[PDB]
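Structure assessment
Now for the letters of each chain:
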Amino acid sequence: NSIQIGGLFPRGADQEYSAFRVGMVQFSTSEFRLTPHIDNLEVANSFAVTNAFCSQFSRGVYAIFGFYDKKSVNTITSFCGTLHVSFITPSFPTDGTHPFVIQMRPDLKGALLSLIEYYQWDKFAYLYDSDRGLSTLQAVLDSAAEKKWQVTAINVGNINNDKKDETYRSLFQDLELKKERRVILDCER
Amino acid sequence: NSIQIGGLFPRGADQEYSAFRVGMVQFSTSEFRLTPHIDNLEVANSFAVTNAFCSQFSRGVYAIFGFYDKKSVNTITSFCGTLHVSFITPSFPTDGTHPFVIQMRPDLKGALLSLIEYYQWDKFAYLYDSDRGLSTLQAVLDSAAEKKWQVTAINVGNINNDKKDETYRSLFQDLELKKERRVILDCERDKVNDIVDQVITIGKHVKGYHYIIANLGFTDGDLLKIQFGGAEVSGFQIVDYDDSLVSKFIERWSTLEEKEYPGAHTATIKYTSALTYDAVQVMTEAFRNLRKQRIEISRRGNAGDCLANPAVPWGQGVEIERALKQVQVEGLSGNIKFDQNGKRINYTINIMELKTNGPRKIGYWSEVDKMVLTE
């Protein structure tokens, strides 16, 4: 019993792939074996992702495990929905109800909003990164209307890294006009 | 000289296509003729857009004119960049620097921020729609930190339309906790009318309220309703009907048969449609500057499958880009110019206010002069 599956790992996902390998070993049985076809492509590039998908599809896979970015996510959700191909991903949850997509990452939106009320915050700064979608940003903004919060949302993402210092100094300069002492960092590791 | 091009029109773009046709006629020359291959697909669906692109690519086109959504935009920008295919679109500008993409719509982000300071706003509500990307939302939020504003951003987009009433009542209920009297409507020509209608119903269109329509089509929507209400309404207009150029266009547009040209028998025109017409002119002047420059780029309908791996970009595409981006003519949307990326430059956006006698230009906005009032 040989079940061929696809593997879309973004270049740099070393520990992710290492964990992917360990899983293959820990969950290997005699009843059937999984045959991973690994494709290391720039997850951000929508075009490349399209090829890697059609390539793994022509190879005749039963399911696909990979990752997507805020840019290529629409490509995956669309193709997998049209071709009825299942796509398992640890990446951020899709903003909606897209069939044929299995998401390993639980929604943090709920846990965050609950924590804010616990500490009883009414005025805080929200530094966000547009990498995982503004799904959580909209969450805090919409709740800011109901719970009546004074949120200071600032996109800390588009900061060019080859001179990113006069930007941070000018960042906490605005976070001092209102003497912001409570900051929420919505970013990657 | 037959130049084949692709046309991706979303189902429902009647006036846009009608304007696309009129452009084909007004800018048709004996030197060369453009052969549009029209494909009507659901622009939102990323998959469909991928097929329509590869289909027009296998047919061997030199350039593609169409539209994209906040969902399919990444597909276009990506493929057009990999296959070196030029893509002209009136849709919202891309959030970044994506090559091989020509954008007819100027950036409103600048004109909006300038208008806010003009009226000297410090606390306002910002009703936005996630359809054209949160590019402008981030703009006002980031500026709210520097200029110190108390913005109340509310996504008026995800509102389910088959019961959208207990939502609006609960919407202006939150806009009453802080007694918000200054609202900015960042929506499409449709979502705006829905809001405007609700505003009149609840009576929040009387003196004391101030609305700002955050789009390039201020006169594109019905204003006769919130015109006599009392509340001041401002917005932006890209199609200056005072230009003899535009005035002449309407003279022929308003007369066209509405049967053959759907939604074309009016004295006005949606900015999206006006950009479509100006798009044709840009593509014409571009392919013309290639003939006079003695540049051979011609090919056949055998570019092959777009999914070809490895994917090899045809060098003739690099020249087609340097052509469109080099174009500089006069159209309905003022002076048309581009930079190395594709974003329009040296343009003018008229600031509009709604008075008793109707809309009236109170000034303009230049990318280099900011806001300038006309006495």
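The record lists cryo-EM as the method behind this PDB entry and 16.40 Å as its resolution.

**As for the overall build of chain A**
Looking only at helices and strands, one finds six helices and eight strands in chain A. Expressed along its principal axes, the backbone C-alpha trace of chain A runs to roughly 65 × 35 × 35 Å. Looking at chain A alone, contacts between residues at least 24 apart form 65% of all its contacts between residues at least 6 apart.

**What to know about the overall build of chain B**
When you go through chain B residue by residue, the secondary structure sums to 10 helices and 15 strands. Its C-alpha atoms give chain B a radius of gyration of 22 Å, near enough to 21 Å, the size a compact globule of 375 residues would have. Overall, the C-alpha framework of chain B stretches about 65 × 45 × 40 Å when taken along its three principal axes. Put simply, of all contacts in chain B between residues at least 6 apart along the chain, 67% involve residues at least 24 apart.

**Describing the state of the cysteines**
The partner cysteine of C54 of chain B in its disulfide is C306 of chain B, sulfur to sulfur 2.0 Å. In this structure the cystine formed by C54 of chain B and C306 of chain B twists about its S-S bond by roughly 100°; its chirality is therefore right-handed. Separated by 252 residues along the polypeptide, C54 of chain B in helix α2 (residues 46-58) and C306 of chain B in the loop between α9 (271-291) and α10 (316-324) bring together distant segments of the chain. For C80 of chain A, which is in no disulfide, the shortest distance to another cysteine sulfur is to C54 of chain A and amounts to 10 Å. As a non-bridged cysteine, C80 of chain B has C54 of chain B as the owner of its nearest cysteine sulfur, 10 Å distant.

**Section: the environment of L175 of chain B**
All names here are of chain B. With respect to the helices, strands and loops of the structure, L175 is situated in the loop between α6 (171-174) and β8 (182-186). Sequence separation between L175 and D69 is 106 residues, and the spatial gap between their C-alpha atoms is 29 Å. For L175, the residues in contact, after removing those within four places along its chain, are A125, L127, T152, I154 and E180.

**Things to note about the packing of aromatic side chains**
On the basis of an interplanar angle of 85° and a centroid distance of 5.2 Å, the ring pair of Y68 of chain B and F92 of chain B is categorised as edge-to-face. Of this pair, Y68 of chain B sits in the loop between β3 (63-66) and α3 (73-82) while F92 of chain B sits in the loop between β4 (86-89) and β5 (101-103); the two residues are 24 residues apart in sequence, bridging distant segments of the chain. Of the aromatic side chains, those joined through ring pairs into one cluster are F9, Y17, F20, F65 and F67 of chain A.

**Some remarks on α2 of chain B**
Residues and elements named next belong to chain B. A rise of 1.5 Å per residue sets the reference length of α2, with its 13 residues, at 18 Å; its end C-alpha atoms lie 18 Å apart and thus fit the reference within 8%. For α2, the N-terminal capping position is held by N45, with its side-chain oxygen 3.0 Å away from the main-chain nitrogen of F47. Once α2 finishes, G60 follows within two positions and takes phi at roughly 65°, a positive value.

**Notes on the sheet that holds strand β2 (residues 33-41) of chain A**
Residues and elements named next belong to chain A. Overall, parallel pairing links the five strands, which are arranged β2-β1-β3-β4-β5 in an open sheet. Each end of this open sheet is capped by a strand with a single partner; those strands are β2 and β5 (101-103). Ignoring which end each strand starts from, the neighbouring axes of this sheet average 25° apart. Sheet analysis places strand β1 (residues 2-10) next to β2, joined by nine bridges and oriented parallel. Bridge pairing links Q4 to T35 in β2. Across the sheet, helix α1 (residues 14-26) lies against β1, β2 and β3 (63-66), angled at about 170° from β2, the strand it touches most.

**Comments concerning the interface of chain A and chain B**
Taken together, the contact pairs 28 residues of chain A with 31 residues of chain B. For the side of chain A that touches chain B, the secondary-structure elements that each account for two or more residues are α2 (46-58), α3 (73-82), α5 (135-146) and β7 (150-155) of chain A. In terms of residue class, the side of chain A that touches chain B is made up of 10 nonpolar, 13 polar and five charged.

**Observations concerning the packing of α2 of chain A against α3 of chain A**
All names here are of chain A. Packing of α2 against α3 leaves a shortest axis separation of 10 Å and a crossing angle of 30°. Of the possible angle classes, the one that applies to α2 and α3 is roughly parallel. Considering how the two elements wind past one another, α2 and α3 form a crossing that is right-handed. Residues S46, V49, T50, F53 and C54 of α2 form the contact with α3, whose participating residues are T75, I76, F79 and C80. Here the residues of the contact of α2 with α3 are counted per class, giving six nonpolar, three polar and no charged.

**A look at unusual backbone geometry**
With an omega of 0°, the peptide bond running from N309 of chain B to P310 of chain B counts as cis. Among the secondary structure elements, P310 of chain B is positioned in the loop between α9 and α10. Its identity is not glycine, yet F100 of chain A carries a phi of approximately 60°, on the positive side. With respect to the secondary-structure elements, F100 of chain A resides in the loop between β4 (86-89) and β5. The backbone of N346 of chain B shows a phi angle near 50°, a positive value even though the residue is not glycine. Relative to the helices and strands, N346 of chain B is located in the loop between β12 (334-335) and β13 (348-354).

**Here we look at the pairing of strand β9 (residues 210-213) of chain B**
All names here are of chain B. With four bridges connecting them, β8 and β9 associate as parallel partners. Opposite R182, over in β9, you have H210 as the bridge partner. Between the parallel pair β8 and β9, the chain is carried across by helix α7 (residues 189-202), and the sense of this crossover is right-handed. Strand direction decides the pairing type here: β9 and strand β10 (residues 232-237), joined by four bridges, are parallel.

**Some details on the pairing of strand β6 (residues 123-128) of chain B**
Every other side chain in a regular strand lies on the same face of the sheet, so the side chains alternate between the two faces. All names here are of chain B. Two elements, β6 and strand β7 (residues 150-155), share six bridges in a ladder whose sense is parallel. Considered in β7, the bridge of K123 is made with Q150. Between the parallel pair β6 and β7, the chain is carried across by helix α5 (residues 135-146), and the sense of this crossover is right-handed. One ladder, built from four bridges, connects β6 with β8; its direction is parallel. If you follow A125 over to β8, its bridge partner there is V183.

The rules behind each value
- As a numbering rule, every chain is indexed from 1 in the order its sequence is written, which need not reproduce the entry's residue numbers; residues that lack coordinates are not presented.
- As a convention, the first chain written is A and the first ligand written is 1, with the rest following in written order.
- Just a portion of a larger assembly is displayed, and each value is taken over that portion.
- Side-chain measures were taken over the full set of non-hydrogen atoms in the model, leaving aside hydrogen atoms and water.
- Residues with missing side-chain atoms are left out of burial classes, side-chain pairs and their counts.
- To qualify as a helix, a DSSP run of H or I must reach at least 4 residues; to qualify as a strand, a run of E must reach at least 2; elements of each kind are numbered from the N terminus.
- Every residue pair with non-hydrogen atoms within 4.5 Å of one another is taken to be in contact.
- Just to be clear, the radius of gyration here is over C-alpha atoms, and the globule rule we use is 2.2 Å times residues to the power 0.38.
- Two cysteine sulfurs form what is called a disulfide whenever their separation falls within 2.5 Å.
- Stacked, tilted and edge-to-face pairs are distinguished by plane angle, under 30 degrees for stacked and over 60 for edge-to-face with tilted covering the rest, among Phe, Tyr and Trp rings (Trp via its six-membered ring) whose centres lie within 6.5 Å.
- Here the expected length of a helix is defined as 1.5 Å per residue gap, with one fewer gap than residues.
- The term polar contact refers here to a pair of N or O atoms within 3.5 Å; inside protein, the definition further demands a hydrogen-donor-capable atom paired with an acceptor-capable atom, and it admits residues adjacent in sequence only when both atoms are side-chain atoms.
- A pair of strands is treated as paired once DSSP finds two or more bridges between them.
- Interaxial angle, 0 to 180 degrees, is taken between N-to-C directions of lines fitted to C-alpha atoms, where a helix line uses only the stretch in contact.
- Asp, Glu, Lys and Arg are counted as charged, while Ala, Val, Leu, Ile, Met, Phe, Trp, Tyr, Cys and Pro are counted as nonpolar; the rest, among them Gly, fall into the polar class.
- Every angle not falling under 35 degrees, over 145, or within 65 to 115 is termed oblique; those three ranges are roughly parallel, roughly antiparallel and roughly perpendicular.
- Crossing handedness is defined as follows: a turn of the near helix away from the far one that is anticlockwise and smaller than a right angle gives a left-handed crossing, while the clockwise case is right-handed.
- For a crossover, the right-handed case is the one in which the path from the first strand over the helix to the second runs clockwise, viewed with the strands pointing away from the viewer.

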